[PDB]
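Here the protein sequences line up with chains i and j, keeping their order. According to the entry's author numbering, the residues represented by the first sequence are 9 to 148, 185 to 241, 278 to 368, 403 to 434, 445 to 595, in order. According to the entry's author numbering, the residues represented by the second sequence are 9 to 148, 185 to 241, 278 to 434, 445 to 595, in order. Backbone N, C-alpha and C define an ideal beta-carbon position, used for all residues, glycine too. The structure appears right after this line, and notes come after that.
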Amino acid sequence: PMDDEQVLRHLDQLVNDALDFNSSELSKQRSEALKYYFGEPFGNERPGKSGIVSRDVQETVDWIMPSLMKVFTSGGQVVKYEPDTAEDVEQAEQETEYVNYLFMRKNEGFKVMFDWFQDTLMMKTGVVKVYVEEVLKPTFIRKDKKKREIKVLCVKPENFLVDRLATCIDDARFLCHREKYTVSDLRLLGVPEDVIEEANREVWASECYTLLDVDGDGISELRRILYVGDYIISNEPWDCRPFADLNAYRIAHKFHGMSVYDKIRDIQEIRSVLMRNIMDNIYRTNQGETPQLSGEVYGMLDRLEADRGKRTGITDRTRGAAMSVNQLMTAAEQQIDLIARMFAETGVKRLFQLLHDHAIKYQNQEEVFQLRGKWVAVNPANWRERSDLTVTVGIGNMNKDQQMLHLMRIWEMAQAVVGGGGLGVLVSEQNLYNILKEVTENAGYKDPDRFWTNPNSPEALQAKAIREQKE
Amino acid sequence: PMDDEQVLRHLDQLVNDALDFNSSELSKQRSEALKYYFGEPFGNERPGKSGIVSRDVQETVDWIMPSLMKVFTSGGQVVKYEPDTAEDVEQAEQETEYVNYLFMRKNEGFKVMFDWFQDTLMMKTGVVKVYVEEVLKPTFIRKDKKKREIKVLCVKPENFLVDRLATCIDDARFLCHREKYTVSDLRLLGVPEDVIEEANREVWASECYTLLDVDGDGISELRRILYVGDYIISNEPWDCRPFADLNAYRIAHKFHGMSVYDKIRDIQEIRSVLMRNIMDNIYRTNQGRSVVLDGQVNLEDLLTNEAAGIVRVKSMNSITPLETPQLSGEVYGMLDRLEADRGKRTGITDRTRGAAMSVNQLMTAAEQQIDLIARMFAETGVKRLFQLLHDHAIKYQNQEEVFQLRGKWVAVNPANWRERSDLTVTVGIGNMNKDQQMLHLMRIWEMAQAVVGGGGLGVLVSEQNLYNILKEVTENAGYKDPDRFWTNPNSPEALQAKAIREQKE
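Have a look at this one:
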C-alpha cells in the first residue's frame, strides 16, 4: 500500500537472490553441458597421456534438429483453429495465415525458433520475449507514420532471472530480464545522469514483470518495471508475460527441465574412457610380455550407439504390406514426435500471446494469402482456442504416407465408380475440387498454380451446366 | 562532445584489441583447421616412423559443396518477395530479376559466393563486403561517363576485425576491415605524404564502420572512417553495414561459429591414428620382435629385416625371436562406422544416394540435414540481397533488363519492400526439381485428361491456365518464355484461334 521506494529494494533483493541461485546452479550445469558438447577434457585426463574426448550430444542434435525443421518449418499448415463451423472461413484460416505469415516470413523466419530449440536443448531452457517498436521513415503515397510493430527475440536466457518456485510460465511472481540498453537508449529514454555501469559506457539494464499493488488495495495485476540502476524507471501495469521457458523434456514440477547432456553425460563418459583405454592398449601393445586383449570391447562399443539408439536416436540405420506403412510406424515409434508435441503446445501459448499483442492494435495490413484481401486485424476475436494436432502424435500424418495412401485409394475408387456407377452417386466435381486440393497442398501449390475451384462459377454455368449438358 | 582526434586513438585501441583477440583465438583455430584439412602431421608423430595422415574433412567439403551449387547456382528463383497481390508483377519479379541478374550473371558469377561458402566451412565464418565503383571509357554512341556499379567481394576474412560482443550482424559497435590500398590508391585520394607502411610501397590501410557522436549530442548513426595510418581519412555518416558473417551452422549466441573442423577434428585424429596403427601392425607382423643379448650382433639386428635372413651371433644357440600375437580384422569394422561417423555428422549419403519409387527422392535421401544448412544461407543471403537492393535503391543507373523480353524501368526509385522470401529452395516447400517434375506432370496431367474425357476442358483448367500447366514444365526445363511462349491468355491470335475458328469449327 502506497509503495514507491520499498518496491525498488524488494525488487533488488529478489534480483540478487535469483542471481545467486540461478547463476550458481544453472550456470554450472550449462557450463558442464557446453564442455561435454565441445569435447573439452572432463578433468580426469592425467598429464603425460592423451585425454581425447568423444562428443556424443552433438550428433544427437544433428539428427534431431532437421526433424523439428520439417515438422515445424514446412508451410502454414502446422497449427490451426477448427473454430465454430459457420464462422471459420471469415477469420479462422485468415487469422491463422496472418499469425504464421507474421511469425515466419516476417519475424526473422526460423532463426528465432531455431535458437529457441538450441537454448532449450544445450543450455536447458528455451524462452523468448515478445516486444513492440514503432515504424518510421515516411515520405516527408508511402507515408509510413504511426505504424507500430511486434517482434520477438531470444531473451539471452543467461539473463532471464526468475523465481524458482514457478514450475510454469504463468506462475512466476518475479520475472527478470537483463539487457544492456546502452547510453544511446538512455538518452532516448531521457535520463540525464548515469549509474555505476566515451559516450557508450556499456551500461546494464533490467526489466521486471511481477504482481504487486502500490495503490493501497489488494494485490493488483502484473506490473512492468524498467528497473535499470535504481534510477528513473518505467512502471506500468501489465497484462500478459511474453515468455515460454521451454524445458525440452517436460520434467517434473519445476521451472526448468533437464537437457540432453543431463541424460547422455554417462554415455559420453563411458565412450570417452573406453576409447582412451583402447588407445592406451594400442600403445602398450606397440611398446610391449603384456598379454593382448580381445576386440569384443569394440562390440560393446556398438551398443553405445544403441545407447543413443535407446535414448533418442532409435534410427541406427538411415531410417528405423505397402512398403512399411506410416513410414514404418513412424520409424518404429520415433520419440521426437512427442517431443515436437510439447514444443508445439509451448508455441501455442506464444501463438496466443502475440495474438493478444496483435489483437489490441497493429495496422490496416492485408494478406497475400492466395488472393488479395484481408480486413483490419486490430480488433479480432481471440477465439480462446489454438490447435496443434496435425503435426504430432495426433493426426500428424506426414506428407508422403497419407499422400500415397489417399491418392491411390481415392483414384482407384474414382475410376471404378465412374466406370460402373458414375460421378453423380459418389464424389462429384464440387468435391473433386478438394480431391485435387489435397494434392495441391501436398506439393505446396494450393491456389496459384491450380485453381480448379469450380464450385458454382460463371465458367461453371457455361461449361458444367450448358455444354456438358447439351453435349 | 566535438571529438576529432580522440576518436582516432580510441579506434586505434579498439583495432589493437580486436587484432589481439581475433588473431590469437580465431587464427590459431583456423591454422589447426588448415593443418587438419591439408593432411599435415598433428605433431604427435614420433621420429623414425611414418607420419601418414588420412584426410577426412576434404571429402566432406567436396560432397557438401556440389549440393549447395545445385540449390543456389540454378536459375534466379531462389528468392521472391510476394508483396501485395495486385502490386507484384510491377516490381516483385522485376526487382527480383534485377537483383539476381546483377549479382549472379553480372558480378563475376558465383565465384565469390562459392568462396563465401568455402569460408563459412573452412574459415569458420563467411562474410563478404559490398562497395561501389565508377564506370568510365566513353567515346570522345557509347558515352559512358560518371556511371557507377555495385560490387561484392571476399573481405579477406583474415582482415575482418570486429568486437566480440555482437553475436549478430546488426550488433557490432566496431567493424574493422584491413586492406592494402597501395600508393596508386593513395595518389588517387591525394595524400602527399606516407606512413611507416619504388612507387608501390606495400602500404596498408583500414576502414572502420562504427556508431559514435562527434557532434556534441547523443550517439549518432554509423560512421565510415578511412583510418589508414592516422592520416588523411574519409569520415562519413554511414547507415548500412554490407556484411553477412555466415557460420554455416547457426551456432549459439556468438558472432563467429564453429566449423566442420571443430566437430570432425576428433574423427580425423582417430582415423589417422588407427590407420597408422594398422600399418604399424603390418610392420611388426612383417618383422617379429627378435631380442638379442649384449656382445653379439652389435648392429641392432639390422632391425630384424634386411637382405640377410640369418642373424648370426657368435656361439650362443638360444635365440629369442618372439612373435607378436596377431590381431583381428574387426578393427577394420570401426573403419566403416567412421564413415558412418561422417554419415552420422553430415554425410548421410554413404551410398550414391541415401511407394511410387522412393517419393520425394526418398524423403530427400532420408532427411538430408544440408537442407537446414542451406536454409540458414538463405536467411543470410536475403539480408545481403536487401542490402544490395538499398545500394541500388539509392542510385545505380537507368539501364533495363533482358528478362524474357525488352523493357525495365529505372531501378533507382523502387521501394525497399522491407522483406524477401526464401521458401522455394529449402526446408520450406523447397524440394529439388525432379520431385515437382514427376509429381506435377504425371499427376495433374492424368487428372486433366480424365476430366477432359469426362467433364471437359471448360469445367476445370482451360488454356488460360493450361498456360501455367505448360509453364511449370518449361521452368523445370529452363526454357520459360522464348522457346515455349504458349501464352494465349487473351490475345489477337487467341480471338482468331480460340474464339473464331475453334468456336466456329
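The shortest CA-to-CA distance from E278/j to any of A445/j, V227/j, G337/j, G234/j is the one to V227/j. A straight-line Cα-Cα distance of about 8 Å links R574/i and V551/j. Neighbours of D416/j in chain i, taken as residues at a C-beta separation under 7 Å, are lacking, since the least C-beta distance is about 11 Å.
At a beta-carbon threshold of 7 Å, the residues of chain j lying near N578/i are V549, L550, ordered along the chain. Short of 8 Å from the beta carbon of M537/i, and not among the five residues preceding or following it, lie these beta carbons of its own chain, in chain order: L550. Contact between the region 97-107 of chain j and the region 136-144 of chain j is absent: fewer than three C-beta pairs spanning the two stretches fall below 8 Å.
Taking the Cα positions, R330/i is about 8 Å away from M466/i. Per DSSP, reduced to three states, the secondary structure at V372/j is coil, with no helix or strand assignment.
The straight-line gap separating the alpha-carbon atoms of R231/i and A41/i is approximately 39 Å. In this structure, the straight-line span from the alpha carbon of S82/i to that of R591/j is close to 47 Å. Beta-bridge pairing by DSSP links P317/j to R303/j. Runs of alpha helix (DSSP H) with 4 or more residues, each lying fully within the region 454-499 of chain i, are found at 460-483, listed in chain order. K132/i sits buried, since 16 or more C-beta atoms from the chains shown fall within 10 Å of its C-beta. Take the alpha-carbon of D12/j and the one of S62/j: they are about 56 Å apart. For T68/j, there is no enclosing beta strand (DSSP E); the residue is found in the alpha helix (DSSP H) stretching over 65-80. Taking a Cβ-Cβ cut-off of 8 Å, the neighbours of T81/i in chain j comprise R465, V517, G518, given in sequence order. Looking at the DSSP output, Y311/i sits in no beta bridge, so it has no partner there.
Counting C-beta atoms within 10 angstroms of its own C-beta, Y289/i has 16 or more neighbours from the protein chains shown and is therefore classed as buried. Using a 10 angstroms sphere on the CB of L402/j, the tally of other CB atoms stays under 16, which defines it as exposed. Taking a C-beta distance under 8 Å as the contact criterion, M130/i and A332/j qualify as a contact pair. Sixteen is the threshold: since fewer than 16 other Cβ atoms of the shown chains lie within 10 Å of the Cβ of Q21/j, the residue is exposed. Contacts between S39/i and chain j, judged by CB atoms closer than 7 Å, are missing: the closest CB pair is about 13 Å apart. Listed along chain j are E457, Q459, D461, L462, each with a C-beta nearer than 7 Å to that of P74/i. Shown here, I331/j sits in coil according to DSSP, grouped into three states, outside any helix or strand. The beta-carbon distance between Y89/i and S448/i, rounded to whole angstroms, is 33 Å. This is too long to meet the 8 Å contact definition. In the three-state reduction of the DSSP assignment, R425/j falls in the helix class, which pools H, G and I. Looking at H336/i, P317/i, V86/i, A26/i, the one whose alpha-carbon comes closest to that of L205/i is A26/i.
Listed in chain order, the non-local C-beta contacts of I347/i below 8 Å within the same chain comprise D64, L418, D421, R422, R425, local neighbours out to five positions each way being set aside.
For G546/j, a Cβ of chain i is located within less than 8 Å of the residue's own Cβ.
Within chain i, the residues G409, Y412 have their CB atoms less than 7 Å from the CB of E410/j, given in chain order.
For the region 102-127 of chain i, the set of positions with a beta-carbon nearer than 8 Å to some beta-carbon of chain j reads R113, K114, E116, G117, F118, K119, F122, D123, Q126, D127 in chain order. From the beta-carbon of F575/i, the residues of chain j found nearer than 9 Å are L550, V551, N555. Under the three-state reduction of DSSP, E13/j is assigned to coil, being neither helix nor strand.
The beta carbons of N115/i and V79/i sit about 19 Å from each other, so the pair does not count as a contact at 8 Å. Three or more beta-carbon pairs drawn from the region 520-531 of chain j and the region 554-568 of chain j are found closer than 8 Å, and the two stretches are therefore classed as touching. Here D310/i has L16, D20, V239 as same chain residues with Cβ atoms under 8 Å from its own Cβ, once five neighbours each way along the sequence are excluded.
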